[PDB]
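What follows is a set of notes on a single structure, which appears directly below.
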Amino acid sequence: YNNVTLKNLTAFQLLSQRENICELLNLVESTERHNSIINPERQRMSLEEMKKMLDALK
Amino acid sequence: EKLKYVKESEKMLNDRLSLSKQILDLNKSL
Amino acid sequence: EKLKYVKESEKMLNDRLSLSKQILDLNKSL
Amino acid sequence: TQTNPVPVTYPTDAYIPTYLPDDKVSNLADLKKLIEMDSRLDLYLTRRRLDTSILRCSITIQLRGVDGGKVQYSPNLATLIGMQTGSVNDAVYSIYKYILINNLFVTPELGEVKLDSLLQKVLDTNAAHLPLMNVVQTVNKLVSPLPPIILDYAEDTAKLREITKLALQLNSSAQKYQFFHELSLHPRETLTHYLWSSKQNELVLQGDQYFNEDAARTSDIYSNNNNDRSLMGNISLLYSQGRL
Amino acid sequence: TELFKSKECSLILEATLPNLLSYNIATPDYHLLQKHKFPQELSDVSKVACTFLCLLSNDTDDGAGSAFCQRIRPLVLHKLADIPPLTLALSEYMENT
């Protein structure tokens, strides 16, 4: 798995190219890959860390 | 180290002055 | 200070060699 | 370390995208400032890390402190240096600076020195020219050890790995943005591109299905597959090359 | 002057270029001599550094070049005591001090 092949590159490009067309028709959900990376409680926890760094640096 | 070299240097200066005293012994051994 | 340590230590070493070259005189006359 | 850098498996500081519109982000400049701040601070640290080092019997007792920090000098070399028992590198530097004072190289022309009285006395040689390599080789012979007592009668790697993984996720999100933006501007000649390239990549993935175990031990490749035409047409060529 | 103008471009060369003389060269160590209880060659970049420093020693009339070439001599003088092929090389620099 350390190396890549022509089959691996072609499969990766075909998979990533069919995932992009299925968002126009909305026949795939992809809410998990969205919200596991947004994660708004993690976002406000990080903003609280930035606010605490503003408090500690002033 | 801004202390430490100065902690050496004056010491070395004293040795030079001390060697000057030995030079005075060379002015008295002849 | 790194410069003013070395510029005195090298003069001390030059004096230590010149004193040996002057001790060369005091063993020729004996 | 080596003379060349070490290849390694995991990525190391992949790029930051530059094609995102700054009317919405207005933040990649600030992260850029943080990155060159880190590079400047690391430059300072690396420079300082480099510059920080820049019958009657006798009594014989081999002590605890047989130590080469102060090593005994031969008395000829002690007279040439002046110090009593200092060190070995101090001895080499003092001998070399004595040679450099007396202007003996040339006014191999710089290898050969002019042998003077004391230096021939401390080397027990009588040449006029002798190279400096052998002169400083003799220093290893002229020095003897000190006499004993004689009486007679990290987390930073994982953190940078996490930042690299996160920058790769940023690249993925930016490429997925740019696809839909370029489809939004002119949609015709990207959907034709999709219908071409998806078909071509399907043909490329279906270029390998007749090379299995039990798809070649059987007979449904050679017989009756003139629909395929690919192999069993090379046999007019391969026999003519002698391979068989 | 343009090279030795900056406080960080004219200062990295005070630390690297004396160190690049004994780059990948078996210097006579002294850790063994402290814990008992010569190379005869150079490298590929030592020749280039000696060439650059001998060419930098030709900045006469005491501008910014020899102001650098005088502040490197007490540190390079310890490197000449270890490596005797630094006597044939570093020749025009030693004549220019």
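Chain labels run A, B, ... following the order of the structure tokens; each chain numbers its residues from 1, and ligands are numbered from 1 in the order shown.
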Contacts of residue 5 in chain C at 10 Å or less, counting only C-alpha atoms, minus same-chain residues fewer than 4 places along, as a PDB file with N, CA, C and O atoms, in the first residue's frame?
ATOM      1  N   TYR B   5      33.145  35.503  30.359  1.00  0.00           N
ATOM      2  CA  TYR B   5      34.389  35.922  29.722  1.00  0.00           C
ATOM      3  C   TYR B   5      35.025  37.087  30.465  1.00  0.00           C
ATOM      4  O   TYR B   5      36.252  37.134  30.618  1.00  0.00           O
ATOM      5  N   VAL B   6      34.198  38.003  30.985  1.00  0.00           N
ATOM      6  CA  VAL B   6      34.718  39.084  31.818  1.00  0.00           C
ATOM      7  C   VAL B   6      35.301  38.507  33.101  1.00  0.00           C
ATOM      8  O   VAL B   6      36.381  38.916  33.552  1.00  0.00           O
ATOM      9  N   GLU B   8      36.764  35.762  33.213  1.00  0.00           N
ATOM     10  CA  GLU B   8      38.099  35.322  32.838  1.00  0.00           C
ATOM     11  C   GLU B   8      39.041  36.512  32.690  1.00  0.00           C
ATOM     12  O   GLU B   8      40.145  36.515  33.252  1.00  0.00           O
ATOM     13  N   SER B   9      38.573  37.568  32.002  1.00  0.00           N
ATOM     14  CA  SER B   9      39.476  38.476  31.292  1.00  0.00           C
ATOM     15  C   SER B   9      40.323  39.304  32.245  1.00  0.00           C
ATOM     16  O   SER B   9      41.553  39.351  32.100  1.00  0.00           O
ATOM     17  N   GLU B  10      39.677  39.931  33.235  1.00  0.00           N
ATOM     18  CA  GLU B  10      40.373  40.689  34.273  1.00  0.00           C
ATOM     19  C   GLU B  10      41.382  39.820  35.007  1.00  0.00           C
ATOM     20  O   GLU B  10      42.495  40.272  35.312  1.00  0.00           O
ATOM     21  N   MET B  12      43.037  37.301  33.686  1.00  0.00           N
ATOM     22  CA  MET B  12      44.187  37.235  32.790  1.00  0.00           C
ATOM     23  C   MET B  12      44.998  38.519  32.851  1.00  0.00           C
ATOM     24  O   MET B  12      46.236  38.472  32.875  1.00  0.00           O
TER      25      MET B  12
ATOM     26  N   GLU C   1      32.707  41.555  23.954  1.00  0.00           N
ATOM     27  CA  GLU C   1      33.473  40.878  24.993  1.00  0.00           C
ATOM     28  C   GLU C   1      34.183  39.646  24.451  1.00  0.00           C
ATOM     29  O   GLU C   1      35.295  39.327  24.898  1.00  0.00           O
ATOM     30  N   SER C   9      44.202  37.578  25.030  1.00  0.00           N
ATOM     31  CA  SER C   9      44.780  36.251  25.221  1.00  0.00           C
ATOM     32  C   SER C   9      45.829  35.924  24.163  1.00  0.00           C
ATOM     33  O   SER C   9      46.821  35.246  24.468  1.00  0.00           O
ATOM     34  N   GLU C  10      45.652  36.411  22.930  1.00  0.00           N
ATOM     35  CA  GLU C  10      46.665  36.166  21.905  1.00  0.00           C
ATOM     36  C   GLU C  10      47.935  36.967  22.169  1.00  0.00           C
ATOM     37  O   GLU C  10      49.042  36.482  21.903  1.00  0.00           O
TER      38      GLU C  10
END
Inset, instruction - Define the interface residues of chain D facing chain E as those within 7 Å, counting only C-alpha atoms, and report them as a ChimeraX atom specification. - result: /D:47,51,66-69,92-93,96,110-111,132-133
Generate a file of the selected residues that holds N, CA and C atoms, formatted as a short mmCIF file (atom, residue, chain, number, x, y, z; two decimals), in the first residue's frame.
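Output saved as again-v5.cif:
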data_model
loop_
_atom_site.label_atom_id
_atom_site.label_comp_id
_atom_site.auth_asym_id
_atom_site.auth_seq_id
_atom_site.Cartn_x
_atom_site.Cartn_y
_atom_site.Cartn_z
N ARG D 47 20.67 28.89 13.68
CA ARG D 47 21.94 29.61 13.70
C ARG D 47 22.56 29.60 15.10
N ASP D 51 26.03 27.98 16.40
CA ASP D 51 27.05 28.88 16.92
C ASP D 51 27.32 28.70 18.41
N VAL D 66 43.51 9.11 36.77
CA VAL D 66 44.34 8.99 35.58
C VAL D 66 43.49 9.55 34.44
N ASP D 67 43.68 10.83 34.15
CA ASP D 67 42.76 11.59 33.31
C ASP D 67 43.54 12.42 32.31
N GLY D 68 43.10 12.38 31.05
CA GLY D 68 43.79 13.06 29.98
C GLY D 68 43.42 14.52 29.78
N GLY D 69 42.96 15.18 30.84
CA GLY D 69 42.67 16.60 30.76
C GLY D 69 43.92 17.43 30.94
N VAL D 92 49.19 21.46 20.27
CA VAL D 92 49.18 21.52 18.81
C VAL D 92 48.99 22.96 18.33
N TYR D 93 48.07 23.69 18.97
CA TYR D 93 47.84 25.08 18.61
C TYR D 93 49.04 25.96 18.94
N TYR D 96 51.76 25.20 16.30
CA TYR D 96 51.41 25.78 15.01
C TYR D 96 51.52 27.30 15.02
N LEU D 110 54.23 25.65 0.93
CA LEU D 110 53.69 25.91 2.26
C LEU D 110 53.66 24.66 3.13
N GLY D 111 53.80 23.48 2.53
CA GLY D 111 53.98 22.28 3.33
C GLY D 111 55.35 22.22 3.97
N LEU D 132 54.69 19.68 7.10
CA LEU D 132 53.99 19.94 8.36
C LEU D 132 53.20 18.73 8.85
N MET D 133 52.76 17.86 7.92
CA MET D 133 52.04 16.65 8.28
C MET D 133 52.85 15.76 9.21
#
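Nearest-residue note for chain C: choosing from E:10, E:72, E:92, E:52, the minimum distance belongs to E:72, counting only C-alpha atoms.
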With a distance cut-off of 12 Å and only C-alpha atoms, select the neighbouring residues of residue 24 in chain C, excluding the residue or stretch itself and same-chain residues fewer than 4 positions from it, and output the selection as an mmCIF file with N, CA, C and O atoms, in the first residue's frame.
data_model
loop_
_atom_site.group_PDB
_atom_site.id
_atom_site.type_symbol
_atom_site.label_atom_id
_atom_site.label_comp_id
_atom_site.auth_asym_id
_atom_site.auth_seq_id
_atom_site.Cartn_x
_atom_site.Cartn_y
_atom_site.Cartn_z
ATOM 1 N N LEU C 17 55.554 33.146 24.271
ATOM 2 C CA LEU C 17 56.551 32.604 23.350
ATOM 3 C C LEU C 17 57.807 33.473 23.299
ATOM 4 O O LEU C 17 58.929 32.950 23.206
ATOM 5 N N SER C 18 57.641 34.801 23.376
ATOM 6 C CA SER C 18 58.797 35.695 23.368
ATOM 7 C C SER C 18 59.633 35.549 24.633
ATOM 8 O O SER C 18 60.856 35.722 24.587
ATOM 9 N N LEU C 19 59.005 35.209 25.762
ATOM 10 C CA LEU C 19 59.778 34.952 26.971
ATOM 11 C C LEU C 19 60.601 33.679 26.857
ATOM 12 O O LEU C 19 61.711 33.627 27.387
ATOM 13 N N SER C 20 60.098 32.658 26.158
ATOM 14 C CA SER C 20 60.914 31.471 25.909
ATOM 15 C C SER C 20 62.073 31.790 24.972
ATOM 16 O O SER C 20 63.198 31.301 25.169
ATOM 17 N N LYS C 28 72.563 30.429 26.709
ATOM 18 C CA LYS C 28 73.754 30.507 25.875
ATOM 19 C C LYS C 28 74.954 31.053 26.634
ATOM 20 O O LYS C 28 76.090 30.674 26.329
ATOM 21 N N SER C 29 74.727 31.927 27.614
ATOM 22 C CA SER C 29 75.789 32.526 28.407
ATOM 23 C C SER C 29 76.108 31.721 29.663
ATOM 24 O O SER C 29 76.689 32.264 30.608
ATOM 25 N N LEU C 30 75.737 30.445 29.693
ATOM 26 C CA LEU C 30 76.065 29.576 30.817
ATOM 27 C C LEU C 30 76.689 28.275 30.323
ATOM 28 O O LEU C 30 77.460 28.273 29.364
ATOM 29 N N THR D 79 59.872 23.210 26.991
ATOM 30 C CA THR D 79 60.623 24.435 26.738
ATOM 31 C C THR D 79 60.159 25.150 25.479
ATOM 32 O O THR D 79 60.217 26.383 25.426
ATOM 33 N N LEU D 80 59.720 24.410 24.460
ATOM 34 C CA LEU D 80 59.251 25.057 23.239
ATOM 35 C C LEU D 80 57.903 25.736 23.466
ATOM 36 O O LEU D 80 57.662 26.842 22.968
ATOM 37 N N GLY D 82 56.432 26.388 26.764
ATOM 38 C CA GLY D 82 56.522 27.248 27.931
ATOM 39 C C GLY D 82 55.694 26.760 29.103
ATOM 40 O O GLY D 82 56.143 26.848 30.250
ATOM 41 N N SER D 117 66.534 25.699 15.171
ATOM 42 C CA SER D 117 67.343 24.996 16.163
ATOM 43 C C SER D 117 66.482 24.243 17.171
ATOM 44 O O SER D 117 66.617 23.022 17.319
ATOM 45 N N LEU D 118 65.602 24.964 17.882
ATOM 46 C CA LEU D 118 64.759 24.350 18.907
ATOM 47 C C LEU D 118 63.814 23.309 18.336
ATOM 48 O O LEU D 118 63.527 22.307 18.994
#
Legend entry - Within 12 Å of residue 10 in chain A using only C-alpha atoms, minus same-chain residues under 6 positions, as a VMD selection string: (chain A and resid 4 16 to 17) or (chain D and resid 197 to 207)
Legend entry - Contact residues around residue 174 in chain D with only C-alpha atoms at 9 Å, ignoring same-chain residues under 6 positions, as number ranges by chain: D: 17, 19-20
Inset, instruction - Within chain A, find each residue whose DSSP state, derived from the backbone, is helix (DSSP H, G or I), and express the selection as a ChimeraX atom specification. - result: /A:6-21,31-38,40-56
Using C-alpha atoms, can you write the selected residues to a file as a PDB file, in the first residue's frame?
ATOM      1  CA  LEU A   6      -2.026   2.754 -12.813  1.00  0.00           C
ATOM      2  CA  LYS A   7      -5.111   0.957 -11.491  1.00  0.00           C
ATOM      3  CA  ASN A   8      -4.867   2.860  -8.194  1.00  0.00           C
ATOM      4  CA  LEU A   9      -4.548   6.273  -9.871  1.00  0.00           C
ATOM      5  CA  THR A  10      -7.358   5.522 -12.322  1.00  0.00           C
ATOM      6  CA  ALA A  11      -9.639   4.221  -9.559  1.00  0.00           C
ATOM      7  CA  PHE A  12      -8.885   7.240  -7.349  1.00  0.00           C
ATOM      8  CA  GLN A  13      -9.624   9.711 -10.145  1.00  0.00           C
ATOM      9  CA  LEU A  14     -12.781   7.861 -11.234  1.00  0.00           C
ATOM     10  CA  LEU A  15     -14.072   7.654  -7.647  1.00  0.00           C
ATOM     11  CA  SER A  16     -13.368  11.327  -6.943  1.00  0.00           C
ATOM     12  CA  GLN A  17     -14.901  12.286 -10.286  1.00  0.00           C
ATOM     13  CA  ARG A  18     -18.124  10.342  -9.705  1.00  0.00           C
ATOM     14  CA  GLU A  19     -18.470  11.738  -6.183  1.00  0.00           C
ATOM     15  CA  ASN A  20     -18.527  15.255  -7.649  1.00  0.00           C
ATOM     16  CA  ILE A  21     -21.302  14.619 -10.186  1.00  0.00           C
ATOM     17  CA  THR A  31     -23.539  14.889   5.502  1.00  0.00           C
ATOM     18  CA  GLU A  32     -21.134  12.810   7.600  1.00  0.00           C
ATOM     19  CA  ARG A  33     -18.014  13.909   5.695  1.00  0.00           C
ATOM     20  CA  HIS A  34     -19.355  17.466   6.009  1.00  0.00           C
ATOM     21  CA  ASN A  35     -20.198  17.613   9.703  1.00  0.00           C
ATOM     22  CA  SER A  36     -17.324  15.451  10.979  1.00  0.00           C
ATOM     23  CA  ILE A  37     -14.936  18.058   9.554  1.00  0.00           C
ATOM     24  CA  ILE A  38     -16.941  21.218  10.352  1.00  0.00           C
ATOM     25  CA  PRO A  40     -19.334  23.376  15.304  1.00  0.00           C
ATOM     26  CA  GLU A  41     -18.746  22.461  18.958  1.00  0.00           C
ATOM     27  CA  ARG A  42     -15.084  21.863  18.063  1.00  0.00           C
ATOM     28  CA  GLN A  43     -15.178  25.219  16.261  1.00  0.00           C
ATOM     29  CA  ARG A  44     -16.465  27.081  19.316  1.00  0.00           C
ATOM     30  CA  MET A  45     -14.030  25.178  21.566  1.00  0.00           C
ATOM     31  CA  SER A  46     -11.182  26.326  19.314  1.00  0.00           C
ATOM     32  CA  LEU A  47     -12.537  29.891  19.369  1.00  0.00           C
ATOM     33  CA  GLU A  48     -12.615  29.686  23.175  1.00  0.00           C
ATOM     34  CA  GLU A  49      -8.964  28.611  23.053  1.00  0.00           C
ATOM     35  CA  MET A  50      -8.210  31.659  20.885  1.00  0.00           C
ATOM     36  CA  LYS A  51     -10.135  33.877  23.325  1.00  0.00           C
ATOM     37  CA  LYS A  52      -8.207  32.428  26.279  1.00  0.00           C
ATOM     38  CA  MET A  53      -4.983  33.100  24.370  1.00  0.00           C
ATOM     39  CA  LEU A  54      -6.157  36.708  23.924  1.00  0.00           C
ATOM     40  CA  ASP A  55      -6.746  36.867  27.683  1.00  0.00           C
ATOM     41  CA  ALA A  56      -3.383  35.296  28.567  1.00  0.00           C
TER      42      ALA A  56
END
Inset, instruction - For CA of residue 88 in chain D and CA of residue 100 in chain D, quote the distance in Å rounded to one decimal. - result: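 So the two atoms, CA of residue 88 in chain D and CA of residue 100 in chain D, lie 18.3 Å apart.
In this structure, CA of residue 9 in chain E sits 23.7 Å away from CA of residue 44 in chain E.
Residue nearest chain B, chosen from C:26, C:21, C:13, C:2 and counting only C-alpha atoms: C:2.
Of note, CA of residue 97 in chain E and CA of residue 63 in chain E are spaced 14.6 Å apart.
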